[PDB]
Amino acid sequence: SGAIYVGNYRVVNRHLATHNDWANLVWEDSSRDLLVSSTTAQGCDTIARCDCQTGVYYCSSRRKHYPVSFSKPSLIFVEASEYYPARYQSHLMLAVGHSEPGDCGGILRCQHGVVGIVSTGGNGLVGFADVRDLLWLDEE
Ligand SMILES: CSc1ccccc1CN1C[C@H](C(N)=O)CCC1=O
Ligand SMILES: [Zn+2]
């Protein structure tokens, strides 16, 4: 689990969104495994606006923060899971690292801010849903 709090927005994995998130829905995309809902209180996170390929991510199944190199956001085939059938997931970035289903929500961050959140894993790889193209998160 995990979320990003920026301005009056809450960014979570679409598969982990609550009844309140759907009731206060701003934007969602099943093909990205992302959902944004509105909040009453102001958040303190800053979204990165960059093309960085190195950062650090939190892995809850290891209680550790790992430095990693990661790929550019792309359309990647993702095997069937408890929450989605087999499909292509868009805006996804991979790194060599550990990831288990309950690790979804873990933040990936570079020197500029939050880059994305853990969304996929398996085979010694970890995948992150990019949020750097969602420019509207910085305004209104
Ligand atoms: C070894 S499977 C694994 C590992 C780490 C994380 C996630 C998974 C499988 N998964 C992928 C889904 C998706 N984004 O398409 C989201 C929910 C889920 O459980
Ligand atoms: Zn950056």
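Note that the numbers count up from 1, one per residue, in the order the chain is shown.
If you're wondering, the header gives X-ray crystallography, 1.6 Å.
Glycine is no exception: its Cβ is also placed from the backbone N, Cα and C atoms.
According to Swiss-Prot:
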type: ACT_SITE; residues: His15; note: active site, for protease 2A activity
type: ACT_SITE; residues: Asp33; note: active site, for protease 2A activity
type: ACT_SITE; residues: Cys104; note: active site, for protease 2A activity
type: BINDING; residues: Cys50, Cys52, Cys110, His112; note: Zn(2+) 1 binding site
Closest of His15, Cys50, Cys52, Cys110, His112 to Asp33 (active site, for protease 2A activity), Cα positions, recorded positions only: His15
Length of the line joining the Cα atoms of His15 (active site, for protease 2A activity) and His112 (Zn(2+) 1 binding site), in Å: 27
Shell list (Zn(2+) 1; ref centroid = CB of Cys50, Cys52, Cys110, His112; cutoff 8 A): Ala48, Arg49, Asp51, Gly55, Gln111, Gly113, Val115, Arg132
Rounded distance in angstrom between the Cα atoms of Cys52 (Zn(2+) 1 binding site) and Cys104 (active site, for protease 2A activity): 21
Number of other Cβ atoms within 10 Å of the Cβ of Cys50 (Zn(2+) 1 binding site) across all protein chains: 13
